[PDB]
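The structure under discussion appears below in the form of structure tokens.
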Amino acid sequence: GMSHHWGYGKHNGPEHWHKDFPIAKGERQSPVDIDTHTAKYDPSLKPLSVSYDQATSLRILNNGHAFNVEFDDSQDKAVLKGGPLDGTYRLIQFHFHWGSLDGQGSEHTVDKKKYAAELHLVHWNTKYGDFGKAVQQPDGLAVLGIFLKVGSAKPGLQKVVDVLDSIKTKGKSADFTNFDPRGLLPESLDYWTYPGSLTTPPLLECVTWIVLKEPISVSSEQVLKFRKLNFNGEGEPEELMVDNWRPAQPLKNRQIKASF
Ligand SMILES: NS(=O)(=O)c1ccc(C(=O)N2CCc3cc(O)c(O)cc3[C@H]2c2ccccc2)cc1
Ligand SMILES: [Zn+2]
């Protein structure tokens, strides 16, 4: 990806991605708008299982598109299973997408409603051995999406907010151990699910999306700190990292299922 130049600007944004990543106009692209009235309850959907008790965070990195909190996935620790998933998916990293204003920022939408941000907890199917091989499979990844709305502060997120000053620009990373992702989950695990893809290039169609119905609340100060990050690297013209979200894509031949 040393030649990648896609971004979220006017000249390299989502509308341009298809030129280097033709799958952008594929049959199962993400994100999508979740029409709550069209989504059908699926009684066969088993309960979702989120086991982050042994999660081991290692580092936080500004990759120029977002910031990723990375976990040690060399062992079966933080895993996602159940729900529409068959097998075990291991947590590798989480990141967010947010806007320049509270009225936008999420990638998925609910009845066209846009949230201030969206958290993505990325997991890969252990039957494929590693992340690189998993992304080449239709059921290689499971991403748990959680909407963020602005209101009361999320205590469990503050540790992330305070370390952002150390990774302001692209390429910067910082030690980030002992962070518990369980502090970022809402109370309920009710969710919608559908087959889709990564929302950033290479836009591979390797994701089973599980989007929680209940958003979490974060404070205006917390999201404000997110908006102080930079897309550019150190010593380059300052480009605030905001609106790093891809808009809803055509649902096409897909059905969104509800666990409730
Ligand atoms: N938004 S999302 O669909 O949840 C998503 C999931 C995984 C990833 C991811 O973990 N990686 C690795 C880091 C990376 C760096 C880039 O510059 C980039 O353009 C994409 C990624 C993706 C990635 C996924 C699959 C193959 C290669 C890279 C990114 C986004
Ligand atoms: Zn994402």
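Naming scheme: A, B, ... for chains in displayed order of the structure tokens; residues 1 onward per chain; ligands 1 onward as shown.
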
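Once residue A:154 and its same-chain neighbours fewer than 6 positions away are set aside, residues 183, 184, 216, 217, 218, 219 and 222 of chain A remain within 9 Å of it when counting only C-alpha atoms.
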
Restricted to N, CA and C atoms, what would the selected residues look like written as a PDB file, in the first residue's frame?
```
ATOM      1  N   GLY A 183     -15.116  -1.447  28.243  1.00  0.00           N
ATOM      2  CA  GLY A 183     -15.615  -0.158  28.696  1.00  0.00           C
ATOM      3  C   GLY A 183     -16.197   0.672  27.569  1.00  0.00           C
ATOM      4  N   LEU A 184     -16.198   0.133  26.347  1.00  0.00           N
ATOM      5  CA  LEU A 184     -16.745   0.860  25.199  1.00  0.00           C
ATOM      6  C   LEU A 184     -18.073   0.278  24.716  1.00  0.00           C
ATOM      7  N   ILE A 216     -23.596   4.228  22.298  1.00  0.00           N
ATOM      8  CA  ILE A 216     -23.011   4.613  23.567  1.00  0.00           C
ATOM      9  C   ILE A 216     -22.976   6.139  23.529  1.00  0.00           C
ATOM     10  N   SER A 217     -22.888   6.755  24.707  1.00  0.00           N
ATOM     11  CA  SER A 217     -22.820   8.208  24.808  1.00  0.00           C
ATOM     12  C   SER A 217     -21.399   8.661  25.124  1.00  0.00           C
ATOM     13  N   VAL A 218     -20.938   9.683  24.412  1.00  0.00           N
ATOM     14  CA  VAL A 218     -19.611  10.239  24.646  1.00  0.00           C
ATOM     15  C   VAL A 218     -19.840  11.728  24.818  1.00  0.00           C
ATOM     16  N   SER A 219     -18.930  12.417  25.494  1.00  0.00           N
ATOM     17  CA  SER A 219     -19.120  13.842  25.704  1.00  0.00           C
ATOM     18  C   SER A 219     -18.636  14.665  24.526  1.00  0.00           C
ATOM     19  N   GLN A 222     -14.926  14.794  24.506  1.00  0.00           N
ATOM     20  CA  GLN A 222     -14.284  13.593  24.011  1.00  0.00           C
ATOM     21  C   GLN A 222     -14.218  13.584  22.487  1.00  0.00           C
TER      22      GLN A 222
END
```

Which residues form the shell of 9 Å around ligand 1 when you count only C-alpha atoms and all ligand atoms, given as a PyMOL selection string? chain A and resi 1-2+4+6-7+30-31+63-65+68+92-97+107+119-123+131-132+134-136+141-145+196-204+206-207+209+245-246

Would you work out the distance separating atom CA of residue A:244 from atom CA of residue A:146, expressed in Å to one decimal?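 So the answer is 15.8 Å.
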
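If you measure from each of A:247, A:47, A:138, A:84 to ligand 2 using only C-alpha atoms and all ligand atoms, the closest one turns out to be A:247.
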
Skipping near chain neighbours, those fewer than 3 positions away, what residues fall within 8 Å of residue A:225 using only C-alpha atoms, listed as an mmCIF file with N, CA, C and O atoms, in the first residue's frame?
```cif
data_model
loop_
_atom_site.group_PDB
_atom_site.id
_atom_site.type_symbol
_atom_site.label_atom_id
_atom_site.label_comp_id
_atom_site.auth_asym_id
_atom_site.auth_seq_id
_atom_site.Cartn_x
_atom_site.Cartn_y
_atom_site.Cartn_z
ATOM 1 N N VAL A 161 -8.876 9.001 24.648
ATOM 2 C CA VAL A 161 -8.877 10.438 24.395
ATOM 3 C C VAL A 161 -7.598 11.121 24.876
ATOM 4 O O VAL A 161 -7.030 11.949 24.174
ATOM 5 N N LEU A 164 -4.316 10.689 22.614
ATOM 6 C CA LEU A 164 -4.336 11.221 21.243
ATOM 7 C C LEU A 164 -3.328 12.321 20.999
ATOM 8 O O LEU A 164 -2.814 12.469 19.888
ATOM 9 N N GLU A 221 -16.577 17.021 24.675
ATOM 10 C CA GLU A 221 -15.124 17.196 24.841
ATOM 11 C C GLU A 221 -14.366 15.982 24.300
ATOM 12 O O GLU A 221 -13.284 16.121 23.718
ATOM 13 N N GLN A 222 -14.926 14.794 24.506
ATOM 14 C CA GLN A 222 -14.284 13.593 24.011
ATOM 15 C C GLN A 222 -14.218 13.584 22.487
ATOM 16 O O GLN A 222 -13.135 13.404 21.907
ATOM 17 N N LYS A 228 -9.157 16.858 16.639
ATOM 18 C CA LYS A 228 -7.904 17.596 16.689
ATOM 19 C C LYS A 228 -6.761 16.801 16.085
ATOM 20 O O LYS A 228 -5.660 17.320 15.897
ATOM 21 N N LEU A 229 -7.025 15.539 15.773
ATOM 22 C CA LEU A 229 -6.023 14.690 15.140
ATOM 23 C C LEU A 229 -5.788 15.204 13.715
ATOM 24 O O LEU A 229 -6.575 15.989 13.200
#
```

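Closest to ligand 2 among A:230, A:56, A:169, A:106 is A:106, based on only C-alpha atoms and all ligand atoms.
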
Would you please give, as a ChimeraX atom specification, all residues of stretch 140-208 of chain A that DSSP assigns to alpha helix (DSSP H) based on the backbone? /A:158-163

Convert the current residue selection to file output with N, CA, C and O atoms, as a PDB file, in the first residue's frame.
```
ATOM      1  N   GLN A 158     -12.063   7.579  28.006  1.00  0.00           N
ATOM      2  CA  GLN A 158     -11.127   8.651  28.340  1.00  0.00           C
ATOM      3  C   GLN A 158      -9.653   8.312  28.171  1.00  0.00           C
ATOM      4  O   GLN A 158      -8.875   9.163  27.752  1.00  0.00           O
ATOM      5  N   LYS A 159      -9.256   7.081  28.475  1.00  0.00           N
ATOM      6  CA  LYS A 159      -7.852   6.719  28.306  1.00  0.00           C
ATOM      7  C   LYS A 159      -7.432   6.887  26.845  1.00  0.00           C
ATOM      8  O   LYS A 159      -6.311   7.292  26.551  1.00  0.00           O
ATOM      9  N   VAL A 160      -8.329   6.571  25.920  1.00  0.00           N
ATOM     10  CA  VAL A 160      -8.012   6.737  24.505  1.00  0.00           C
ATOM     11  C   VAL A 160      -7.900   8.231  24.189  1.00  0.00           C
ATOM     12  O   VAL A 160      -6.949   8.685  23.545  1.00  0.00           O
ATOM     13  N   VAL A 161      -8.876   9.001  24.648  1.00  0.00           N
ATOM     14  CA  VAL A 161      -8.877  10.438  24.395  1.00  0.00           C
ATOM     15  C   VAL A 161      -7.598  11.121  24.876  1.00  0.00           C
ATOM     16  O   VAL A 161      -7.030  11.949  24.174  1.00  0.00           O
ATOM     17  N   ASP A 162      -7.123  10.761  26.060  1.00  0.00           N
ATOM     18  CA  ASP A 162      -5.934  11.425  26.569  1.00  0.00           C
ATOM     19  C   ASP A 162      -4.627  11.076  25.878  1.00  0.00           C
ATOM     20  O   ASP A 162      -3.683  11.865  25.924  1.00  0.00           O
ATOM     21  N   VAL A 163      -4.553   9.922  25.225  1.00  0.00           N
ATOM     22  CA  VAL A 163      -3.318   9.556  24.553  1.00  0.00           C
ATOM     23  C   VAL A 163      -3.219  10.128  23.124  1.00  0.00           C
ATOM     24  O   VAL A 163      -2.149  10.075  22.500  1.00  0.00           O
TER      25      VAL A 163
END
```
